[PDB]
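Student: data.cif (mmCIF, C-alpha atoms) pasted underneath:
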```
data_model
#
loop_
_atom_site.label_atom_id
_atom_site.label_comp_id
_atom_site.auth_asym_id
_atom_site.auth_seq_id
_atom_site.Cartn_x
_atom_site.Cartn_y
_atom_site.Cartn_z
CA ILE C 57 -8.83 6.37 -7.48
CA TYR C 58 -7.76 2.68 -7.65
CA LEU C 59 -5.00 0.77 -9.40
CA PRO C 60 -6.35 -1.40 -12.25
CA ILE C 61 -8.05 -4.49 -10.85
CA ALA C 62 -6.25 -6.78 -13.32
CA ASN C 63 -2.81 -5.58 -12.10
CA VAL C 64 -3.80 -6.01 -8.48
CA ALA C 65 -5.15 -9.46 -9.26
CA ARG C 66 -1.98 -10.52 -11.12
CA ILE C 67 0.19 -9.56 -8.15
CA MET C 68 -2.14 -11.45 -5.79
CA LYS C 69 -2.12 -14.54 -8.03
CA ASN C 70 1.70 -14.58 -8.02
CA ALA C 71 1.63 -14.67 -4.20
CA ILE C 72 -0.54 -17.77 -3.62
CA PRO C 73 -0.19 -21.42 -4.81
CA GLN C 74 -0.79 -21.97 -8.52
CA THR C 75 -3.93 -23.98 -7.75
CA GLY C 76 -5.51 -21.34 -5.48
CA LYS C 77 -8.38 -19.05 -6.38
CA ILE C 78 -9.13 -15.46 -5.42
CA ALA C 79 -12.72 -14.28 -5.10
CA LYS C 80 -13.65 -11.11 -6.98
CA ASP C 81 -14.55 -9.26 -3.79
CA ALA C 82 -11.16 -10.15 -2.31
CA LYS C 83 -9.40 -8.61 -5.34
CA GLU C 84 -11.59 -5.52 -4.91
CA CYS C 85 -10.77 -5.42 -1.18
CA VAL C 86 -7.03 -5.47 -1.86
CA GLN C 87 -7.55 -2.78 -4.50
CA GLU C 88 -9.04 -0.57 -1.82
CA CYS C 89 -6.32 -1.49 0.68
CA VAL C 90 -3.59 -0.42 -1.78
CA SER C 91 -5.13 3.00 -2.31
CA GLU C 92 -5.43 3.45 1.44
CA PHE C 93 -1.78 2.46 1.81
CA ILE C 94 -0.71 5.12 -0.67
CA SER C 95 -2.93 7.73 1.03
CA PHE C 96 -1.76 6.72 4.52
CA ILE C 97 1.94 7.06 3.71
CA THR C 98 1.31 10.25 1.70
CA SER C 99 -0.53 11.84 4.65
CA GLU C 100 2.48 11.26 6.91
CA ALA C 101 4.91 12.66 4.33
CA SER C 102 2.67 15.63 3.51
CA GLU C 103 2.31 16.68 7.17
CA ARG C 104 6.09 16.51 7.58
CA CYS C 105 6.75 18.52 4.42
CA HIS C 106 4.27 21.13 5.59
CA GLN C 107 5.92 21.34 9.03
CA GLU C 108 9.20 21.96 7.20
CA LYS C 109 7.61 24.53 4.80
CA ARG C 110 8.61 22.51 1.74
CA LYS C 111 6.35 22.49 -1.28
CA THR C 112 7.37 19.18 -2.87
CA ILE C 113 6.87 15.64 -1.56
CA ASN C 114 10.16 14.01 -2.49
CA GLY C 115 11.18 10.38 -2.54
CA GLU C 116 13.00 10.68 0.79
CA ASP C 117 9.78 12.00 2.35
CA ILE C 118 7.86 8.89 1.17
CA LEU C 119 10.61 6.54 2.33
CA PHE C 120 10.88 8.26 5.72
CA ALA C 121 7.11 8.05 6.22
CA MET C 122 7.25 4.36 5.41
CA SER C 123 10.10 3.84 7.89
CA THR C 124 8.26 5.80 10.63
CA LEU C 125 5.03 3.86 10.12
CA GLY C 126 6.39 0.27 10.27
CA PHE C 127 7.50 -0.25 6.65
CA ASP C 128 11.26 0.32 7.12
CA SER C 129 11.88 -3.01 5.35
CA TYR C 130 10.55 -1.39 2.16
CA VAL C 131 13.27 1.28 2.07
CA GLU C 132 16.11 -0.78 0.63
CA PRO C 133 14.10 -2.56 -2.12
CA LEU C 134 12.47 0.72 -3.12
CA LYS C 135 15.82 2.52 -3.39
CA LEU C 136 17.15 -0.29 -5.56
CA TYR C 137 14.03 -0.31 -7.73
CA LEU C 138 14.22 3.47 -8.28
CA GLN C 139 17.92 3.43 -9.04
CA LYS C 140 17.48 0.60 -11.50
CA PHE C 141 14.46 2.34 -13.00
CA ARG C 142 16.57 5.44 -13.70
CA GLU C 143 19.83 3.79 -14.80
CA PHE R 38 4.05 -9.23 -13.29
CA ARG R 39 6.35 -6.23 -13.98
CA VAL R 40 6.10 -3.30 -11.56
CA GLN R 41 6.70 -0.89 -14.49
CA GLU R 42 3.18 -1.79 -15.71
CA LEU R 43 1.47 0.04 -12.82
CA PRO R 44 0.14 3.45 -14.02
CA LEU R 45 2.07 6.23 -12.40
CA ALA R 46 -0.71 8.74 -13.23
CA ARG R 47 -3.13 6.83 -11.04
CA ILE R 48 -0.66 6.70 -8.14
CA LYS R 49 -0.12 10.44 -8.48
CA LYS R 50 -3.91 11.03 -8.53
CA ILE R 51 -4.28 9.17 -5.27
CA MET R 52 -1.46 11.16 -3.66
CA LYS R 53 -3.06 14.40 -4.92
CA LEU R 54 -6.24 13.74 -2.94
CA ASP R 55 -4.26 14.72 0.16
CA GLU R 56 -5.20 18.19 1.35
CA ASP R 57 -1.59 19.22 2.00
CA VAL R 58 0.06 17.87 -1.13
CA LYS R 59 1.21 20.69 -3.38
CA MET R 60 3.83 19.37 -5.75
CA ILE R 61 5.11 15.79 -5.95
CA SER R 62 8.54 14.71 -7.08
CA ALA R 63 8.85 12.52 -10.15
CA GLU R 64 10.27 9.64 -8.09
CA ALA R 65 7.44 9.43 -5.54
CA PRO R 66 4.99 7.52 -7.80
CA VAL R 67 7.81 5.17 -8.91
CA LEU R 68 8.58 4.32 -5.28
CA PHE R 69 4.89 3.73 -4.57
CA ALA R 70 4.59 1.40 -7.60
CA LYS R 71 7.18 -0.96 -6.11
CA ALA R 72 5.75 -0.49 -2.62
CA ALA R 73 2.34 -1.46 -3.93
CA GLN R 74 3.70 -4.73 -5.26
CA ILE R 75 5.45 -5.53 -1.93
CA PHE R 76 2.34 -4.60 0.07
CA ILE R 77 -0.11 -6.57 -2.08
CA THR R 78 2.13 -9.64 -1.98
CA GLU R 79 2.55 -9.62 1.81
CA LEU R 80 -1.12 -8.90 2.50
CA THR R 81 -2.24 -11.68 0.13
CA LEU R 82 0.16 -14.21 1.70
CA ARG R 83 -1.02 -13.29 5.18
CA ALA R 84 -4.71 -13.58 4.19
CA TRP R 85 -3.99 -16.98 2.55
CA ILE R 86 -2.98 -18.30 6.01
CA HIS R 87 -6.61 -17.97 6.98
CA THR R 88 -7.92 -19.40 3.71
CA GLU R 89 -6.01 -22.63 4.34
CA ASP R 90 -6.77 -22.63 8.08
CA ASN R 91 -10.43 -22.74 7.06
CA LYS R 92 -9.77 -25.63 4.66
CA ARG R 93 -10.60 -23.47 1.63
CA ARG R 94 -8.70 -22.79 -1.57
CA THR R 95 -10.49 -19.55 -2.44
CA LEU R 96 -9.13 -16.42 -0.81
CA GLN R 97 -12.05 -14.40 0.51
CA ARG R 98 -12.51 -10.89 1.86
CA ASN R 99 -12.91 -12.25 5.42
CA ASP R 100 -9.42 -13.76 5.15
CA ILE R 101 -8.03 -10.30 4.43
CA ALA R 102 -10.02 -8.91 7.37
CA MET R 103 -8.50 -11.51 9.69
CA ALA R 104 -4.97 -10.90 8.36
CA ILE R 105 -5.31 -7.20 9.06
CA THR R 106 -6.07 -7.89 12.74
CA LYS R 107 -2.98 -10.10 13.17
CA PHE R 108 -0.25 -7.78 11.88
CA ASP R 109 0.54 -4.37 13.39
CA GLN R 110 1.71 -3.12 9.98
CA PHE R 111 -1.87 -3.43 8.75
CA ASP R 112 -3.38 -1.54 11.69
CA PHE R 113 -4.16 1.36 9.29
CA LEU R 114 -6.63 -0.84 7.34
CA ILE R 115 -8.98 -1.08 10.36
CA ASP R 116 -11.72 0.96 8.60
CA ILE R 117 -11.14 -0.35 5.06
CA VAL R 118 -11.99 -3.97 5.90
CA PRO R 119 -14.50 -3.75 8.83
CA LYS F 270 3.28 3.17 15.59
CA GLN F 271 0.44 3.95 13.20
CA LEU F 272 -2.17 5.17 15.71
CA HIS F 273 -1.83 8.93 15.28
CA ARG F 274 -1.75 8.74 11.52
CA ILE F 275 -4.85 6.44 11.56
CA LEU F 276 -6.79 8.96 13.73
CA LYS F 277 -5.82 11.66 11.20
CA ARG F 278 -6.68 9.64 8.10
CA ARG F 279 -10.14 9.02 9.52
CA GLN F 280 -10.79 12.78 9.54
CA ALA F 281 -9.49 13.09 5.98
CA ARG F 282 -11.75 10.27 4.73
#
```
Could you quickly redo this structure as structure tokens?

Tutor:
Amino acid sequence: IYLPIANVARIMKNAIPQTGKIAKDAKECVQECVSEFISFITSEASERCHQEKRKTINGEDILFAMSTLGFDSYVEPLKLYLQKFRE
Amino acid sequence: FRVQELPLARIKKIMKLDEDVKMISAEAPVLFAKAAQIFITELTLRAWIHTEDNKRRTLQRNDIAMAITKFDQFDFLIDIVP
Amino acid sequence: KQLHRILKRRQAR
């Protein structure tokens, strides 16, 4: 239930100085944090969709859950990424 | 790193662990792939503050634990990094 | 902002 450790590690490496190192257990920690992030947002969206008797978690439900939970700054880059992904 | 490389099937599998998730739209995993890249990058940068504050150049799990305590947006990781 | 969702996620985990 985790994203591939090499992808997580590549994103981490791009964030720190080129000379820095990342311990294996820190890559594994971030791997777990990512999965919890996805589950945390999904839980918020899924409760809302249930309250509204809707059977599909849509993109707006994920974005709204992110906005509610402190990640409103993600909404605009995600919309742009999705639009560009589909164009 | 290109966000398109993240496996959408794995993101969907994680979402599907939720007890109230029935169907998921096609776009939801795509949005989470980009969100994952933003989240990892910000968390790593915030942990690296503590790496350097401790006069180290290796990012360690304790640095991530400290970063989580210093940003409200990471409050939800309280049990993941104890 | 996250507190109620955290309490809930703990039961799910």

Student: Which residues, named as in the file, does the PyMOL selection byres ((chain C and resi 117) around 10) pick out? Answer as a short mmCIF file (atom, residue, chain, number, x, y, z; two decimals) with C-alpha atoms, in the frame of the given file.

Tutor:
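Wrote result.cif, looks like this:
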```cif
data_model
loop_
_atom_site.label_atom_id
_atom_site.label_comp_id
_atom_site.auth_asym_id
_atom_site.auth_seq_id
_atom_site.Cartn_x
_atom_site.Cartn_y
_atom_site.Cartn_z
CA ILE C 97 1.94 7.06 3.71
CA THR C 98 1.31 10.25 1.70
CA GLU C 100 2.48 11.26 6.91
CA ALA C 101 4.91 12.66 4.33
CA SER C 102 2.67 15.63 3.51
CA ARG C 104 6.09 16.51 7.58
CA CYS C 105 6.75 18.52 4.42
CA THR C 112 7.37 19.18 -2.87
CA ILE C 113 6.87 15.64 -1.56
CA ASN C 114 10.16 14.01 -2.49
CA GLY C 115 11.18 10.38 -2.54
CA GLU C 116 13.00 10.68 0.79
CA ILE C 118 7.86 8.89 1.17
CA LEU C 119 10.61 6.54 2.33
CA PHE C 120 10.88 8.26 5.72
CA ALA C 121 7.11 8.05 6.22
CA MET C 122 7.25 4.36 5.41
CA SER C 123 10.10 3.84 7.89
CA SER R 62 8.54 14.71 -7.08
CA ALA R 65 7.44 9.43 -5.54
#
```

Student: Given a cut-off of 7 Å, which residues of chain R touch chain C, counting all atoms listed in the file, written out as a ChimeraX atom specification?

Tutor: /R:38,47,50-52,55,57-62,64-65,67-69,71-74,77-78,81-82,94-98,110,114,117

Student: Write out, as a compact mmCIF listing (two decimals), in the frame of the given file, the residues just selected, with C-alpha atoms.

Tutor:
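Okay, this is what ended up in result.txt:
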```
# COMPACT_ATOMS: atom_id res chain seq x y z
CA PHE R 38 4.05 -9.23 -13.29
CA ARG R 47 -3.13 6.83 -11.04
CA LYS R 50 -3.91 11.03 -8.53
CA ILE R 51 -4.28 9.17 -5.27
CA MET R 52 -1.46 11.16 -3.66
CA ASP R 55 -4.26 14.72 0.16
CA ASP R 57 -1.59 19.22 2.00
CA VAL R 58 0.06 17.87 -1.13
CA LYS R 59 1.21 20.69 -3.38
CA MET R 60 3.83 19.37 -5.75
CA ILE R 61 5.11 15.79 -5.95
CA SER R 62 8.54 14.71 -7.08
CA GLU R 64 10.27 9.64 -8.09
CA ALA R 65 7.44 9.43 -5.54
CA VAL R 67 7.81 5.17 -8.91
CA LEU R 68 8.58 4.32 -5.28
CA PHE R 69 4.89 3.73 -4.57
CA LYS R 71 7.18 -0.96 -6.11
CA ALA R 72 5.75 -0.49 -2.62
CA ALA R 73 2.34 -1.46 -3.93
CA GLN R 74 3.70 -4.73 -5.26
CA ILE R 77 -0.11 -6.57 -2.08
CA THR R 78 2.13 -9.64 -1.98
CA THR R 81 -2.24 -11.68 0.13
CA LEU R 82 0.16 -14.21 1.70
CA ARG R 94 -8.70 -22.79 -1.57
CA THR R 95 -10.49 -19.55 -2.44
CA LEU R 96 -9.13 -16.42 -0.81
CA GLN R 97 -12.05 -14.40 0.51
CA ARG R 98 -12.51 -10.89 1.86
CA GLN R 110 1.71 -3.12 9.98
CA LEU R 114 -6.63 -0.84 7.34
CA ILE R 117 -11.14 -0.35 5.06
```

Student: Using CA of residue 276 in chain F and CA of residue 132 in chain C as the two end points, give the distance in Å to one decimal.

Tutor: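 CA of residue 132 in chain C lies at a distance of 28.1 Å from CA of residue 276 in chain F.
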
Student: Run the PyMOL selection byres ((chain F) within 9 of (chain R)) mentally over the shown coordinates, then write out the matched residues as a PyMOL selection string, using the chain letters and numbers from the document.

Tutor: chain F and resi 270-272+274-275+278-279+281

Student: Taking the file as shown, what set of residues would the PyMOL selection byres ((chain R and resi 86) around 10) give back, as an MDAnalysis selection string?

Tutor: (chainID C and resid 72) or (chainID R and resid 81:85 87:91 96 100:101 103:104)

Student: Please measure the separation of CA of residue 102 in chain R and CA of residue 118 in chain R, giving the value in Å to one decimal.

Tutor: 5.5 Å

Student: Quick one: distance from CA of residue 76 in chain R to CA of residue 128 in chain C in Å, one decimal?

Tutor: 12.4 Å

Student: Around all the atoms of range 271-282 of chain F listed in the file, with 3 Å of room on each side, what axis-aligned box do you get, giving centre and edge lengths in Å to one decimal, as AutoDock Vina command-line options?

Tutor:
```
--center_x -5.7 --center_y 8.5 --center_z 10.2 --size_x 18.2 --size_y 15.1 --size_z 17.0
```
